[PDB]
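This report refers to the structure that appears directly beneath it.
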Amino acid sequence: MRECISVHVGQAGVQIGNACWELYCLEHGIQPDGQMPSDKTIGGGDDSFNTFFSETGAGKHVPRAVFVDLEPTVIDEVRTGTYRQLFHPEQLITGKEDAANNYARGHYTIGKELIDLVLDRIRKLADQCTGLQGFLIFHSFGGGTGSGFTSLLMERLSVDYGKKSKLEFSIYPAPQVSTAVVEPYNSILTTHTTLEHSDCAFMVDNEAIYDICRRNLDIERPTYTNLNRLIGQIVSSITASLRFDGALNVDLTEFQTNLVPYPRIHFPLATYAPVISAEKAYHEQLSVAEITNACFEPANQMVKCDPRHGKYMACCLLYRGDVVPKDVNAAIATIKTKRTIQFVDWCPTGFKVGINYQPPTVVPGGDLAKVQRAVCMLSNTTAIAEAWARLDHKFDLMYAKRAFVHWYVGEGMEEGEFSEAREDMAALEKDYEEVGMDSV
Amino acid sequence: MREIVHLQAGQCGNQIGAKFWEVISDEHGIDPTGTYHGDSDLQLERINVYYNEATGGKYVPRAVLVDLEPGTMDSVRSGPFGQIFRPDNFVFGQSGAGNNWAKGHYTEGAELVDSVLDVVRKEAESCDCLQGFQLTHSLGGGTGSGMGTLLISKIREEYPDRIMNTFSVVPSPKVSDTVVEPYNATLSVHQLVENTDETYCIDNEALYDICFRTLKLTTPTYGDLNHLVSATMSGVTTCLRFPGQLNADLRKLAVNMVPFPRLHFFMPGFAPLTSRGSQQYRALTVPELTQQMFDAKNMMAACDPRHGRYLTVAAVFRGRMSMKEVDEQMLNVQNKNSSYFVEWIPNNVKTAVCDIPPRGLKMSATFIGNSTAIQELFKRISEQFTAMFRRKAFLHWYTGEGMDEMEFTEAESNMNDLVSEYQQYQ
Amino acid sequence: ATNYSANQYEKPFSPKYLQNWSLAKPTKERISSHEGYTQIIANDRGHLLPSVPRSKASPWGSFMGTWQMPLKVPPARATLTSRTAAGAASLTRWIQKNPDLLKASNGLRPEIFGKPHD
Amino acid sequence: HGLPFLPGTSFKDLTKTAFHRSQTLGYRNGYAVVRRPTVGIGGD
Amino acid sequence: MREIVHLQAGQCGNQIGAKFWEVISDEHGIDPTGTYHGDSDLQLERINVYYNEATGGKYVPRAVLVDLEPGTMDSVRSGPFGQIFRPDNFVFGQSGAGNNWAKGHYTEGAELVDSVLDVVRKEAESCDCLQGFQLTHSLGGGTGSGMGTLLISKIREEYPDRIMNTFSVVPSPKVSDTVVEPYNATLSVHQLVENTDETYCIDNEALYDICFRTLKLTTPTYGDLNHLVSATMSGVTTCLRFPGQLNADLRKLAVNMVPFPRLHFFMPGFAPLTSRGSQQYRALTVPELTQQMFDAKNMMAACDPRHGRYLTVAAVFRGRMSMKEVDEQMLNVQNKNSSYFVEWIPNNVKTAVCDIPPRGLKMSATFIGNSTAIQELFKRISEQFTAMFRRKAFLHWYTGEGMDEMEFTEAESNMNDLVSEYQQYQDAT
Amino acid sequence: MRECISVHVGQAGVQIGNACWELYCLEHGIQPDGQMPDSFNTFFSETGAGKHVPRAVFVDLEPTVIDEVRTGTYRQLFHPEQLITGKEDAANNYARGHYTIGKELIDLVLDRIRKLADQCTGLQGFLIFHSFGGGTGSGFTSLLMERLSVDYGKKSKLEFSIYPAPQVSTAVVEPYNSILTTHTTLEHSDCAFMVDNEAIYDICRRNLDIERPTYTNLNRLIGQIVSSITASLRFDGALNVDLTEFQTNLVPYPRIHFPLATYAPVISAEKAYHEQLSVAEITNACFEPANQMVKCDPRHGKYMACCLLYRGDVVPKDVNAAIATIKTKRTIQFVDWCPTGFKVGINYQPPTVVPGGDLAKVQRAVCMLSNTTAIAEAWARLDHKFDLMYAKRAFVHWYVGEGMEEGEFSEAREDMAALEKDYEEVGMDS
């Protein structure tokens, strides 16, 4: 039971998938060639891997993942790497020519070309699950296939699968740095068309994770390998109440009902507290209440917007390690007494707790410390209403002179979809306003 | 002869209901395998109240372990007492609730209610004279509160004059382990008003205020907080199982507690718990079991009776003590401190003496008290419902299963009536 | 074809219980009775008869492809509560103006539960 | 050792490092299969 | 002295017959070559109900195996107990049936019914006081249904006072193992309703569900479903074979069962079936046989008796038990459940008690229920039959061997009137 | 007993019968010189000299295809009169292959079948292998099936055929032949399973990783479908299926006898390592349009009947559960008047790997023969290309001038113009 079908899309999605699936192989017993070291028990000893790994007859475990891209050069070091024998070859879908930072190329022209091939592969992985909790989506708004085809993945998921839970992690574009020039046209048009189709949507951006690896860990110059390692330690802590023994269990269904109050507002923000270096855990005792306070800290946040600008609509705390169910209570009661955190008026209950026994795993040659307790957090805040205002700013900028609009009009797409998907977002800017008013 | 068929629902019910069969089994001399290895004949004389007979001289409980996703019953099966349960008793679905009441009540639970009421109907009709059922569940969750009210609703229409108990775990006043708590707990007290015979309220901070302040446990898990719930699930049902100088079954405590039928929320306690180094300092007499039943800090309900008036009182005793001394203290606490007792009942306290103490203990004592200081448990859930409800907070997760908006209106207003129904007597 | 109901044993054949997590074909809970001799509605070699009222629908079944599927597909769930009246009206009009999507074999079976705030 | 079963007589076993859980209760063709616990918690 | 002649038709009848004769040979201690190797002396007293005696102490069964090609009886001979059947009791043809009721009834099965009648008349004129005949067959194929009903008609025109008893594998509701089933199912039900004295209805979905939720086999096979069918087949004829405190033969079961002549289709069940490793959680007493005979998820029929009303009920017990407990429970279930029992019959359950339990058990019991909630079978077959027949769906195959067009009409009118007869006795005051 | 007489007509019939008969020798113990170093009787017949000789007849009008058989490895296995050759071929012409050249050789094949029908005790029926595109596979084959009917009667006449592909084709004049033989066998044939060479090219490219396959990689896949149709006359099973069982469950009307073919677990030996191949995984992949053997899509029409032929280590409940998942999906849609739908058959002998082969060694298998309305495009596209050339009278002088009246072009186009309406109205509601 408890199966989860991971869907990775884009070069960002593939390179995040390579980080997570190395973590999952080490977390259970799996080698890089599929096999366990021999189980040395009677029959099947441990069946904990069934949420992520299947099993053939012979003793080979094949992941429940689909790796999607439109450029061939990203999957061809998954196919000829260390983990080239773990993946069944047909799970890794490549195109022949990529979407080239166009939403329109990735939605109408090249994405429709490749949609029905990968919705045959997710049928086969969803007919192997006795109980399916829900999918996972790993994308980035910036690219063509990370925005265009990913937004059309969610739309044809809603037709076929109904009200099945479709989570998504995302790389929202950064405020100061940026890869590309055409990213506001991409990022606006996909938040408009995934808006009624997605259940939940966690966001991080790469500039904030830059601020932690340089500062909290003692690793100057972090490559994307060090950022992708931290993303796998959030996905693992979301799904470790499904595989390892817990005191309080949390599913993948208890996040949408506890952080998404209103239909247009499904945008929580991730945080992970004891990300620390091996020279500076020789000195610090990591208690249960010492790592609770450091999910609310604006430095240790994982997006480049301060929660103090807004109001905490809810929370979701994920405690992982050697904790006590009483010292979880002994820290939450403290946090509510500060006046530098401010819960919204119509949420007097606030929280959602989760306690799990298996401590977080040490990857050989990784970044962090061998730590005995940890906390993950997904919190939903009104302080994201400052993030679309820096995206309405850079859409209306290049749209009032209509730069780059010819690269989307002749690419199979009419032009009135530009001047309505920024009007559609214009209600969402006032919709985040009225939940910021107190009920006088 | 006076059988009690146990029920347990959800990830709170299957963690309360797993330790309770580890406190009854050793109370009666039952191994992990199931066999009887006892050192008396009272350990086997009245064992049919809880244990069905199996083949070969082996005993099996009447537990109906219920869940909406079987993850939290794989851990129960792998414990030290996981093989004692008949595996047909496990009821489980595929996808859970998500801490949503309607999904547990109307949508996903209702597809699993007809498989439960085959199991209880196979056991309620395999009793010589069934006395009544139980239920261990939590109001904060989705399948404890959600379908666990559908169970009481659809068995009060099939066995309507037996006993139906519930050991609730109603939510907490400081820290709430689910955002959407006041929608679930308001909508479920409203069901329990017209559908239970008794119901005990348990808050989880009042269990924390014992194991830190009194038991002196530096690291109290929920193992040592389920062990306090299961040490008063057996005090209420002892005089059935063990002989007495004065007896009290479940009905007699029900008769002598409720003056009006809407008023059946109680608050438990348990006396002889003591700290680590203070066991050699303890005096061992009878009036030091009356000190700790009645001490206003050790109720399991997080509602101090100093705000309220004791409508009735119970007391169940375990040991070979004296009937003059038991009755002397009930005259004592009623006649020193008589601003906490109602006036139109001249003796509020019901007493009962079992004879067989818990193993290792020389005496023991259990309490149940019906108060007007328990309507403040129902005020606090009301304003956190009607703050959350007047701006239509989480309602699309609930109305999107097809609910009505005026159904929330009565479950507010029925709970507003019992708030003011209790409040006449203060 | 028509699905039917193994009367005692419909729970093993429930569609989510056979690992089919999508929308499925409904079943016939109640079988209606009739008596007598059944009229031969169709002549030899499978022709329908002239005066038998043929259905208005297409002969070949309505599978909506990818390049046939409408652009800007409406959502599967749309509860109208906690919404403004004009926004809920725009959602219902979005659902309304696509009758070909909601009528297909592989069509969207939507949800409109609740009333928006006036 | 030698303790009776009372509300304050349970102690941890700090030298245990795997807390994995197994799939005993599950489904089949359509049938709720509940099979015998070979291992405990952690693979032992 | 009360001999029973066995008739197996079709490949379903041949495999069920092979497993059933293996069961009886185990019960009476006949080894796979034919010599008695038993323990008691009760095993050898009334062996003549099934086994003819040859020279040299060999016991040859009283069975006739019929098929339209020998492709199944190669497989019957190559089994464990293939050497005990007489070589002359195998009747076969040269060309198959082809899932065609018309080729089973008129074209191919007419040249074979004479040989089968010769063999069964030779076995029937060797019995001292014969009781009747059993037929085990399937209502989906061409040899089993067509030729089987041809045999039933030509047996009951010649021996019209004996007992005719069929075990019929009627079609399943979810998955049909032949596209053209309901034609054969209708055209065989229309013959059974005239020419049988008892007919038990068996469904494979019901057998799969019992072998998964109750016996808890991970991979059941047909070699286990046939064991279930045979174990309830040889439990309705025990009191002809073993002593007891309240005997009952097949005539007595028919007399106490069927109140009207058109209403003789039954729903079986078998009590002490229990799991692999859950033997140490369950006691084996008479209430633990009663609550499992009468459980509605135990029927071998895929029709729920809670939609209708038990016209009559029979319970056949095996073992050394107490009459107070037996009669106490058969009264107790009737009084506790009184919307599923008709009222114009005041007591509904007939109980028989035999002495010798099956080899391995302490007790056993078998249940045969006659309900007005078996009409869902016929309503579902009638609706699928009119769906195909109104458009001439497969009708040329049937019409091209001389079948009329009025025969489908009269079959569907007959089955629909039988449905209305059930509904009249359900809704009677 | 339970014999089968294969008839192979044309180069596309002979070259399939070199890869069918290589399997049958090897599935039993038979060496390629006839000696075994008793289930072979459905395909072999023992001589008094120990030498097993097959029940088959190879026919061609050209000597350059059968003279490879008479020189190759299997030159001692075949009886010298079981391989018939002419001297001039039919040359992509219906008229030469039916009237002038095919008539001088039709009276000698029926001499050979009459001897091979006099040795079988219980003969199930014939099997035909031909190609619609050729001259002898389409002209002479339509002369066998006319003369088989009056001489043998109600014996079963199954046939396999290479239907023309939607884009690729060998010849120009292939739509004149593919209409003129469908019209004249439409009343004389029982069931016609059809594969086309283009959809098997898209399986060996995609399922196996064989870029640039050859006909010998295609003749081996067809031989694994013929082997699983007669698999229950030879090896012991739990649900047998004869050759009589196929016409009665897939031909609802006498003008509609064109099913399709699918064989599910075709994988390579580098992917059998990676995946379990249980009964539900191979059942679900028969209904998948990427794995069909004609380039027509069943989602754009209504199913009419199905027939599943399981083979190997299979269990009755995994068959019953996997079908009920197909009956729940919204994409497998059936016709109004077919409420039951299916036929199942379970065998025990797992499939046999050929040395030099391509498929992996597997433990379960499914062969599905389904009848669909979705074939209505396959005749309507072919009807365009007959009409397109014939509207201005192209290539007709190559047909009139050899024993053929000109009016057979207008009637064979009138007649199949009823078949397009015939498919249309049987899927229409009530």
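By written order: A, B, C, D, E and F. Residues from 1 in each chain.
The rule is short, and it goes like this: contacts are C-beta pairs under 8 Å (C-beta built on N, C-alpha and C of every residue); 3 or more make two chains touch, one makes a residue touch a chain.
Trainee: When I count C-beta pairs in contact, which pair ends up with more: A-B or A-D?
Mentor: Top pair by contacting C-beta pairs is A-B.
Trainee: Where the centres are mean C-alpha positions, what is the separation of chain C from chain D, in Å?
Mentor: Once rounded, the distance between the two centres reads 46 Å.
Trainee: Using mean CA coordinates as chain centres, what's the gap between chain B and chain E in Å?
Mentor: 53
Trainee: Taking each chain's centre as the mean of its CA atoms, how far is chain A from chain E in angstrom?
Mentor: 60
Trainee: Any idea how many Å lie between the Cα centroids of chain B and chain D?
Mentor: Going by mean C-alpha positions, chain B sits 25 Å from chain D.
Trainee: Residues touching two or more other chains, restricted to chain F: which are they?
Mentor: Each of 252-254, 317, 320-321, 324-325, 327, 338-341, 430 in chain F touches at least two other chains.
Trainee: Which parts of chain B, given as residue numbers and ranges, touch two or more other chains?
Mentor: 70-71, 75, 87, 94, 219, 221, 396
Trainee: Which parts of chain C, given as residue numbers and ranges, touch two or more other chains?
Mentor: In chain C, 2, 11-13, 17-20, 22-23, 41, 46, 77, 79, 82, 106, 111 touch at least two other chains.
Trainee: Report the complete set of touching chain pairs.
Mentor: Inter-chain contacts occur between A-B, A-C, A-D, A-F, B-C, B-D, B-E, C-D, C-E, C-F, D-E, D-F, E-F.
Trainee: Quick check: in the complex, which residue numbers of chain B touch chain A?
Mentor: Residues 11, 69-72, 75, 94-100, 174-182, 205, 208, 211-212, 219-222, 225, 383-384, 387-388, 390-391, 393-394, 396-397 of chain B touch chain A in their complex.
Trainee: Per the contact definition, I'd like the list of chain B residues that touch chain E in the complex.
Mentor: Answer in residue numbers: 34, 53-56, 58, 60, 86-88, 122, 125-126.
Trainee: Can you list the residues on chain A that touch chain F in the complex?
Mentor: Those residues of chain A that touch chain F are 54-58, 60, 62, 88-90, 120, 124, 127.
Trainee: Where on chain F is chain A touching in the complex?
Mentor: Touching chain A from chain F are residues 271, 273-276, 280-281, 284, 288, 290, 325.
Trainee: Sort out for me which residues of chain C touch chain E in the complex.
Mentor: Against chain E, the touching part of chain C is residues 2, 4-9, 12-13, 31-44, 46.
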